[PDB]
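Participant: I am attaching a structure below and will ask some questions about it afterwards.
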Amino acid sequence: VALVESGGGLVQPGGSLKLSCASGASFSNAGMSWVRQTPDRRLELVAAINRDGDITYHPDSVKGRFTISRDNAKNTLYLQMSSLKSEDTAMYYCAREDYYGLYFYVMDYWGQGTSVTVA
Amino acid sequence: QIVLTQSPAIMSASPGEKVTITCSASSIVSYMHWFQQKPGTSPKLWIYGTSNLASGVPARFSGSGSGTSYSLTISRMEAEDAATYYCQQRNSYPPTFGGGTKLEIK
Amino acid sequence: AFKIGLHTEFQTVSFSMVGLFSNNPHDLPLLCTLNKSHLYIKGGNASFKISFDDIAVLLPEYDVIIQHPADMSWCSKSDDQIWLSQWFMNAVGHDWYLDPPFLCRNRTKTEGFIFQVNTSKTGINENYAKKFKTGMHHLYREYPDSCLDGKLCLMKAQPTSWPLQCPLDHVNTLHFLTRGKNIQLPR
Ligand SMILES: *[C@@H]1O[C@H](CO)[C@@H](O[C@@H]2O[C@H](CO)[C@@H](O[C@@H]3O[C@H](CO)[C@@H](O)[C@H](O)[C@@H]3O)[C@H](O)[C@H]2NC(C)=O)[C@H](O)[C@H]1NC(C)=O
Ligand SMILES: *[C@@H]1O[C@H](CO)[C@@H](O)[C@H](O)[C@H]1NC(C)=O
Ligand SMILES: *[C@@H]1O[C@H](CO)[C@@H](O)[C@H](O)[C@H]1NC(C)=O
């Protein structure tokens with residue numbers, strides 16, 4: 001299983017971005033997520049997409065500005081996020097998510113990630 | 001909004017020793033996961049269920065927990081054991097991570 | 001089958017099972033136990049799997065504490081799962097107004113569907129534990145009866161694909177129909 005990312009870079013404080021992230025696994029039987037790592041080493045989950053794209057969730061810090069949609073036919077994910085702010089300059093990881101243990105639903109195979117900068 | 005406090009932030013052990021990592025919560029948490037990260041890379045899953053080792057971890061790592069306080073344990077560590085560790089809980093949304101702990105070898 | 005006596009023979013007759021089940025006018029919920037641990041209940045389109053262990057995956061503080069079938073609509077998006085869960089709890093005996101509630105997940109959460117009940121044989125919930133033990137014994141022929149009297153014991157039910165090897169027994173179906181009151185079988 002492999003994952004690649006694209007669309008990162010530097011953008012003015014107030015623009016909009018579309019980040020693209022899969023191969024190997026059929027991925028139609030896995031639920032995935034996107035997480036942020038700030039220049040100081042701190043992690044936070046920003047996007048979570050269910051196996052079926054019917055249920056999609058984001059926390060308060062990105063509510064109303066971050067959306068994630070997966071193209072199953074291309075086995076890809078596009079995350080569209082508007083209203084760029086300086087605090088949203090960090091590394092972004094797209095990670096798989098599957099059941100390890102009869103009841104545990106944990107992230108798997110965090111991707112390489114891409115850098116997003118506001119300046 | 002569960003918050004996680006890790007202890008201690010900085011480690012410097014000896015080339016082969018037993019080390020412990022404390023991870024306390026704000027409220028009660030049932031289960032907790034541990035992730036490992038090397039500089040200039042991406043985190044990899046290491047412990048799930050507070051008692052389940054990851055696919056490919058040497059049989060010297062272990063975890064335990066009770067209520068609010070959880071612990072990670074290394075019995076006999078080598079140089080390869082020098083990296084950053086992250087707590088994670090997924091009981092009440094949003095899922096929250098720890099502050100991160102860096103462990104280095106003297 | 002062999003000769004017994006001088007003119008008499010001893011022979012046996014065995015009744016089929018797949019024909020009776022596939023031939024009923026309605027769809028019957030069937031219970032099964034595979035290997036020595038894995039319990040299974042299949043309703044209309046809900047092929048639920050049941051296991052027992054002392055692992056707490058749900059907590060009262062951050063969950064939905066279902067007390068009434070009306071609140072069950074906040075857990076799953078499909079009505080068949082709601083029907084199966086409600087009627088299974090009714091069949092084992094869980095009159096919803098005098099008993100502790102049971103815990104489930106909000107539907108909008110991205111962690112699937114699961115429901116769990118604690119039946120540890122401790123001071124509190126001892127009566128509920130014994131009642132659930134009797135219900136499990138009545139609803140399953142050879143009950144393994146895991147999580148013996150000790151620290152903790154929690155049962156979990158999760159949705160899995162129906163395995164194509166369960167012995168389609170019918171005694172358990174009869175007991176499920178007998179214990180369950182006013183159960184309406186579709187089709
Ligand atoms: C399902 O029921 C079991 C029944 O044991 C629950 O475990 C029990 O949780 C209560 C919480 O108040 C514990 O009471 C406290 O425990 C200790 C002493 O044991 C102490 O802090 C207090 O004095 C108080 O008694 C109780 O001990 C504990 N039972 C055992 C055997 O440890 C369990 O939490 C329930 N599960 C769910 C998901 O609600
Ligand atoms: C369950 O039974 C099947 C069929 O014999 C077998 O392949 C499988 O390994 C068993 N699983 C367990 C956990 O015993
Ligand atoms: C999740 O479902 C519960 C169960 O009723 C409900 O109280 C809660 O409001 C739901 N969450 C959201 C964000 O709507």
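As shown in the structure tokens, the chain order sets the letters A, B, ...; within each chain, residues go from 1, and ligands are also counted from 1 in the order they appear.
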For ligand 2, list the contacting residues at 8 Å or closer, counting only C-alpha atoms and all ligand atoms, as a ChimeraX atom specification.
Facilitator: /C:34-38,165
Participant: For residue B:104, find every residue with an atom within 9 Å (counting only C-alpha atoms), except residues of its own chain fewer than 6 positions away, and show them as a list in words.
Facilitator: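 Here the qualifying residues turn out to be residues 10, 11, 12, 13, 79, 81, 82, 83 and 84 of chain B.
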Participant: Could you list, as a list in words, all protein and nucleic acid residues with an atom at most 6 Å from ligand 3, counting only C-alpha atoms and all ligand atoms?
Facilitator: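 If we count only C-alpha atoms and all ligand atoms, the neighbours of ligand 3 turn out to be residues 64, 74 and 106 of chain C.
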Participant: Compile the residues of chain A that lie within 9 Å of chain C, evaluated using only C-alpha atoms, and express the compilation as a list in words.
Facilitator: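 Residues of chain A within 9 Å of chain C, counting only C-alpha atoms: residues 31, 48, 49, 50, 51, 55, 56, 57, 102, 103, 104 and 105 of chain A.
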Participant: Pick out the closest residue to chain B from this set: C:54, C:98, C:73, C:175. Count only C-alpha atoms.
Facilitator: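 That would be C:54, the residue with the smallest distance to chain B.
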Participant: Within 10 Å of ligand 1, counting only C-alpha atoms and all ligand atoms, which protein or nucleic acid residues do you find, written as a PyMOL selection string?
Facilitator: (chain B and resi 30) or (chain C and resi 54-61+100-103+116-126+128-129+149-155)
Participant: Deliver the residues from the most recent selection as a file, using N, CA, C and O atoms, as a CSV table (one decimal), in the first residue's frame.
Facilitator:
```csv
chain,number,residue,atom,x,y,z
B,30,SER,N,-11.0,4.9,28.5
B,30,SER,CA,-11.0,3.5,28.6
B,30,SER,C,-9.8,2.9,27.9
B,30,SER,O,-9.2,2.0,28.5
C,54,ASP,N,-13.6,-8.7,28.8
C,54,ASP,CA,-13.5,-7.7,29.8
C,54,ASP,C,-12.8,-6.4,29.2
C,54,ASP,O,-12.0,-5.7,29.9
C,55,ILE,N,-13.1,-6.1,28.0
C,55,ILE,CA,-12.6,-4.9,27.3
C,55,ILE,C,-13.7,-3.9,27.2
C,55,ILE,O,-14.8,-4.2,26.7
C,56,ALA,N,-13.5,-2.7,27.8
C,56,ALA,CA,-14.5,-1.6,27.8
C,56,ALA,C,-14.2,-0.7,26.6
C,56,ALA,O,-13.2,0.1,26.7
C,57,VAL,N,-15.0,-0.8,25.6
C,57,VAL,CA,-14.8,0.1,24.4
C,57,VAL,C,-15.8,1.3,24.5
C,57,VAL,O,-15.6,2.2,23.7
C,58,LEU,N,-16.7,1.3,25.4
C,58,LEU,CA,-17.7,2.3,25.5
C,58,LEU,C,-17.8,2.8,26.9
C,58,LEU,O,-17.6,2.0,27.9
C,59,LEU,N,-18.1,4.1,27.1
C,59,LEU,CA,-18.1,4.7,28.4
C,59,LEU,C,-19.4,5.5,28.6
C,59,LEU,O,-19.8,6.2,27.6
C,60,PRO,N,-20.0,5.6,29.8
C,60,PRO,CA,-21.2,6.3,30.0
C,60,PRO,C,-21.1,7.8,29.8
C,60,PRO,O,-22.0,8.5,29.4
C,61,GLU,N,-19.9,8.4,30.1
C,61,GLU,CA,-19.7,9.8,30.0
C,61,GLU,C,-19.8,10.4,28.6
C,61,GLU,O,-20.4,11.4,28.4
C,100,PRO,N,-31.1,-1.1,34.2
C,100,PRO,CA,-30.1,-0.2,33.7
C,100,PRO,C,-30.1,-0.1,32.2
C,100,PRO,O,-30.4,-1.0,31.5
C,101,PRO,N,-29.8,1.1,31.7
C,101,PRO,CA,-29.8,1.3,30.2
C,101,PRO,C,-28.6,0.7,29.6
C,101,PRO,O,-27.7,0.1,30.3
C,102,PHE,N,-28.5,0.8,28.3
C,102,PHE,CA,-27.3,0.2,27.6
C,102,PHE,C,-26.7,1.2,26.6
C,102,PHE,O,-27.5,2.1,26.1
C,103,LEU,N,-25.4,1.2,26.4
C,103,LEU,CA,-24.7,2.2,25.7
C,103,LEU,C,-24.4,1.9,24.2
C,103,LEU,O,-24.0,0.8,23.8
C,116,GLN,N,-22.9,-2.6,23.4
C,116,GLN,CA,-22.3,-3.4,24.4
C,116,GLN,C,-23.1,-3.3,25.7
C,116,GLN,O,-23.6,-2.2,26.0
C,117,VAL,N,-23.1,-4.3,26.5
C,117,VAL,CA,-23.7,-4.4,27.8
C,117,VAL,C,-22.8,-5.0,28.8
C,117,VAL,O,-22.2,-6.1,28.5
C,118,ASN,N,-22.7,-4.4,30.0
C,118,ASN,CA,-21.8,-5.0,31.0
C,118,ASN,C,-22.6,-5.9,31.9
C,118,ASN,O,-23.7,-5.6,32.4
C,119,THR,N,-22.1,-7.1,32.1
C,119,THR,CA,-22.8,-8.2,32.9
C,119,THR,C,-21.8,-8.8,33.9
C,119,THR,O,-21.8,-10.0,34.2
C,120,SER,N,-20.9,-8.0,34.5
C,120,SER,CA,-19.9,-8.5,35.4
C,120,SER,C,-20.7,-8.9,36.7
C,120,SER,O,-21.5,-8.2,37.2
C,121,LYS,N,-20.3,-10.0,37.3
C,121,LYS,CA,-21.0,-10.6,38.4
C,121,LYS,C,-20.4,-10.0,39.7
C,121,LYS,O,-19.6,-10.6,40.4
C,122,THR,N,-20.7,-8.7,39.9
C,122,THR,CA,-20.3,-8.0,41.1
C,122,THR,C,-21.5,-7.5,41.9
C,122,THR,O,-22.7,-7.8,41.5
C,123,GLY,N,-21.3,-6.8,43.0
C,123,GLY,CA,-22.3,-6.3,43.9
C,123,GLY,C,-23.5,-5.7,43.2
C,123,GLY,O,-24.6,-6.2,43.2
C,124,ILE,N,-23.2,-4.6,42.5
C,124,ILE,CA,-24.3,-3.9,41.6
C,124,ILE,C,-24.3,-4.7,40.3
C,124,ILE,O,-23.3,-5.3,39.9
C,125,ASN,N,-25.5,-4.7,39.7
C,125,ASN,CA,-25.8,-5.4,38.5
C,125,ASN,C,-25.6,-6.9,38.6
C,125,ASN,O,-25.5,-7.6,37.6
C,126,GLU,N,-25.6,-7.4,39.8
C,126,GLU,CA,-25.6,-8.9,40.0
C,126,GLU,C,-26.9,-9.5,39.5
C,126,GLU,O,-26.9,-10.5,38.8
C,128,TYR,N,-29.0,-8.2,37.3
C,128,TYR,CA,-29.0,-8.1,35.9
C,128,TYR,C,-28.1,-9.2,35.2
C,128,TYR,O,-28.4,-9.7,34.2
C,129,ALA,N,-26.9,-9.4,35.9
C,129,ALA,CA,-26.0,-10.4,35.3
C,129,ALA,C,-26.7,-11.8,35.3
C,129,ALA,O,-26.5,-12.5,34.4
C,149,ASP,N,-17.4,-15.6,37.0
C,149,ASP,CA,-17.5,-14.7,38.1
C,149,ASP,C,-16.1,-14.2,38.5
C,149,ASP,O,-15.3,-14.9,39.0
C,150,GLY,N,-15.9,-12.9,38.3
C,150,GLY,CA,-14.6,-12.3,38.6
C,150,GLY,C,-14.5,-10.8,38.5
C,150,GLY,O,-15.5,-10.1,39.0
C,151,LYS,N,-13.5,-10.2,37.9
C,151,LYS,CA,-13.4,-8.8,37.9
C,151,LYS,C,-14.4,-8.1,37.0
C,151,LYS,O,-15.2,-7.3,37.5
C,152,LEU,N,-14.4,-8.4,35.7
C,152,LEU,CA,-15.3,-7.7,34.8
C,152,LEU,C,-15.7,-8.7,33.6
C,152,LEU,O,-15.0,-9.7,33.4
C,153,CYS,N,-16.8,-8.3,33.0
C,153,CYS,CA,-17.3,-9.1,31.8
C,153,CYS,C,-18.2,-8.2,31.1
C,153,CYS,O,-19.3,-7.8,31.6
C,154,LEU,N,-17.9,-7.9,29.8
C,154,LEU,CA,-18.7,-7.1,29.0
C,154,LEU,C,-19.0,-7.8,27.7
C,154,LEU,O,-18.1,-8.4,27.1
C,155,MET,N,-20.3,-7.8,27.2
C,155,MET,CA,-20.6,-8.4,25.9
C,155,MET,C,-20.7,-7.3,24.9
C,155,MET,O,-21.2,-6.2,25.2
```
Participant: So that I can check the secondary structure, give me every residue of stretch 6-187 of chain C assigned alpha helix (DSSP H) by backbone DSSP, as a ChimeraX atom specification.
Facilitator: /C:18-23,79-92,126-139,171-179
Participant: Report as a tab-separated table: every residue of chain B with an atom at most 10 Å from chain A, its closest pair of atoms, and their distance in Å to one decimal, counting only C-alpha atoms, with rows sorted by chain and ascending residue number.
Facilitator:
```
residue	atom	partner	partner_atom	distance
B:31	CA	A:104	CA	9.1
B:33	CA	A:106	CA	8.3
B:35	CA	A:107	CA	9.9
B:40	CA	A:112	CA	9.9
B:41	CA	A:112	CA	7.2
B:42	CA	A:112	CA	6.1
B:43	CA	A:110	CA	6.4
B:44	CA	A:110	CA	6.7
B:45	CA	A:108	CA	6.7
B:48	CA	A:106	CA	7.7
B:49	CA	A:104	CA	7.2
B:52	CA	A:101	CA	8.7
B:54	CA	A:100	CA	9.5
B:84	CA	A:41	CA	9.6
B:86	CA	A:43	CA	8.7
B:88	CA	A:43	CA	9.7
B:89	CA	A:106	CA	9.9
B:90	CA	A:106	CA	8.7
B:93	CA	A:59	CA	8.0
B:94	CA	A:59	CA	6.1
B:95	CA	A:45	CA	6.9
B:96	CA	A:44	CA	6.7
B:97	CA	A:43	CA	6.2
B:98	CA	A:43	CA	7.8
B:99	CA	A:42	CA	6.2
B:100	CA	A:42	CA	7.1
B:101	CA	A:41	CA	9.7
```
Participant: May I have the residues from that selection written out with N, CA, C and O atoms, as a compact mmCIF listing (two decimals), in the first residue's frame?
Facilitator:
```txt
# COMPACT_ATOMS: atom_id res chain seq x y z
N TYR B 31 -9.49 3.30 26.67
CA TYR B 31 -8.39 2.73 25.92
C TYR B 31 -7.56 3.84 25.28
O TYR B 31 -8.07 4.93 25.01
N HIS B 33 -3.86 4.65 22.68
CA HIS B 33 -2.93 4.17 21.66
C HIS B 33 -1.63 4.96 21.70
O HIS B 33 -1.61 6.13 22.11
N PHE B 35 1.82 6.02 19.37
CA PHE B 35 2.42 6.14 18.05
C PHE B 35 3.88 6.57 18.20
O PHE B 35 4.23 7.29 19.13
N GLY B 40 12.12 13.79 10.72
CA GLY B 40 12.03 13.86 9.27
C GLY B 40 11.22 12.75 8.63
O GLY B 40 11.46 12.42 7.46
N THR B 41 10.27 12.17 9.35
CA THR B 41 9.44 11.10 8.81
C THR B 41 8.01 11.30 9.27
O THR B 41 7.64 12.37 9.77
N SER B 42 7.19 10.27 9.10
CA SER B 42 5.78 10.28 9.47
C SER B 42 5.51 9.26 10.56
O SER B 42 6.15 8.20 10.60
N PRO B 43 4.56 9.54 11.46
CA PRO B 43 4.30 8.62 12.57
C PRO B 43 3.85 7.24 12.10
O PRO B 43 3.18 7.10 11.07
N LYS B 44 4.24 6.23 12.86
CA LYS B 44 3.85 4.85 12.61
C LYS B 44 3.20 4.28 13.86
O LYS B 44 3.66 4.52 14.98
N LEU B 45 2.11 3.53 13.66
CA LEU B 45 1.40 2.92 14.78
C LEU B 45 2.29 1.93 15.51
O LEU B 45 2.96 1.10 14.89
N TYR B 48 -1.65 -0.49 20.26
CA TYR B 48 -3.08 -0.26 20.27
C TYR B 48 -3.72 -1.11 21.35
O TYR B 48 -3.28 -2.24 21.61
N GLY B 49 -4.76 -0.57 21.98
CA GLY B 49 -5.44 -1.27 23.06
C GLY B 49 -4.73 -1.25 24.39
O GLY B 49 -5.13 -2.00 25.29
N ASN B 52 -1.72 -4.23 23.17
CA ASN B 52 -1.49 -4.97 21.94
C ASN B 52 -0.30 -4.36 21.21
O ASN B 52 -0.31 -3.17 20.88
N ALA B 54 2.38 -3.76 18.09
CA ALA B 54 2.18 -3.55 16.67
C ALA B 54 2.86 -4.64 15.86
O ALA B 54 3.74 -5.37 16.34
N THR B 84 10.40 9.94 19.10
CA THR B 84 9.31 10.67 19.74
C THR B 84 8.07 9.80 19.80
O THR B 84 7.78 9.05 18.87
N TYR B 86 3.80 9.54 20.92
CA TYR B 86 2.56 10.30 21.00
C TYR B 86 1.46 9.44 21.58
O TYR B 86 1.23 8.31 21.12
N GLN B 88 -2.63 8.85 22.15
CA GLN B 88 -3.84 9.14 21.40
C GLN B 88 -5.03 8.49 22.09
O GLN B 88 -4.96 7.32 22.49
N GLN B 89 -6.12 9.24 22.22
CA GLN B 89 -7.38 8.72 22.72
C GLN B 89 -8.49 9.11 21.75
O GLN B 89 -8.48 10.21 21.19
N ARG B 90 -9.45 8.20 21.57
CA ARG B 90 -10.56 8.39 20.64
C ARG B 90 -11.88 8.03 21.30
O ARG B 90 -12.73 7.34 20.73
N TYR B 93 -15.13 12.80 20.80
CA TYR B 93 -14.68 13.63 19.69
C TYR B 93 -14.50 15.07 20.15
O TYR B 93 -15.28 15.57 20.97
N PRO B 94 -13.49 15.78 19.63
CA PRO B 94 -12.50 15.32 18.65
C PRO B 94 -11.45 14.42 19.28
O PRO B 94 -11.11 14.60 20.45
N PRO B 95 -10.95 13.43 18.55
CA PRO B 95 -9.83 12.63 19.06
C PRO B 95 -8.63 13.52 19.34
O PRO B 95 -8.32 14.43 18.57
N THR B 96 -7.96 13.26 20.45
CA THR B 96 -6.90 14.14 20.92
C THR B 96 -5.61 13.36 21.11
O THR B 96 -5.63 12.20 21.53
N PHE B 97 -4.49 14.01 20.79
CA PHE B 97 -3.17 13.43 20.93
C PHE B 97 -2.51 13.97 22.20
O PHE B 97 -3.05 14.85 22.89
N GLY B 98 -1.34 13.44 22.51
CA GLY B 98 -0.53 13.97 23.58
C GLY B 98 0.33 15.13 23.12
O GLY B 98 0.32 15.54 21.96
N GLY B 99 1.09 15.67 24.07
CA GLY B 99 2.03 16.72 23.74
C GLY B 99 3.33 16.24 23.14
O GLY B 99 4.15 17.06 22.73
N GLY B 100 3.52 14.93 23.07
CA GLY B 100 4.72 14.38 22.47
C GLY B 100 5.87 14.28 23.45
O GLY B 100 6.13 15.22 24.20
N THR B 101 6.56 13.14 23.45
CA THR B 101 7.71 12.94 24.33
C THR B 101 8.91 12.53 23.49
O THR B 101 8.81 11.60 22.68
```
Participant: Got a sec: who's within 9 Å of stretch 12-20 of chain A, counting only C-alpha atoms, leaving out chain neighbours fewer than 4 positions off, as a PyMOL selection string?
Facilitator: chain A and resi 4-8+76-86+114+117-119
Participant: How would the residues just picked look written out with C-alpha atoms as a compact mmCIF listing (two decimals), in the first residue's frame?
Facilitator:
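Written file, result.txt:
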```txt
# COMPACT_ATOMS: atom_id res chain seq x y z
CA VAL A 4 1.27 10.20 -2.38
CA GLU A 5 0.34 13.84 -1.77
CA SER A 6 0.26 16.96 -3.92
CA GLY A 7 -1.04 20.52 -3.98
CA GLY A 8 0.96 21.96 -1.09
CA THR A 76 -7.97 9.58 -4.45
CA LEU A 77 -8.98 12.25 -1.95
CA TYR A 78 -9.45 15.97 -2.56
CA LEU A 79 -9.56 18.24 0.50
CA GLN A 80 -10.87 21.73 -0.26
CA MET A 81 -10.27 24.34 2.44
CA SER A 82 -10.85 28.08 2.21
CA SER A 83 -10.00 31.18 4.25
CA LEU A 84 -6.29 30.57 4.72
CA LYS A 85 -4.89 31.69 8.08
CA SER A 86 -1.34 31.86 9.39
CA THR A 114 2.80 17.77 2.30
CA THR A 117 2.47 27.65 4.35
CA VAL A 118 0.73 31.01 4.75
CA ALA A 119 2.84 34.10 4.06
```
Participant: From the DSSP assignment of the backbone, select every residue of stretch 38-178 of chain C that is strand (DSSP E or B), and format the answer as JSON, numbers by chain.
Facilitator: {"C": [38, 39, 40, 41, 42, 47, 48, 49, 50, 51, 52, 53, 64, 65, 66, 102, 103, 104, 115, 116, 117, 118, 154, 155, 156, 157, 158, 159]}
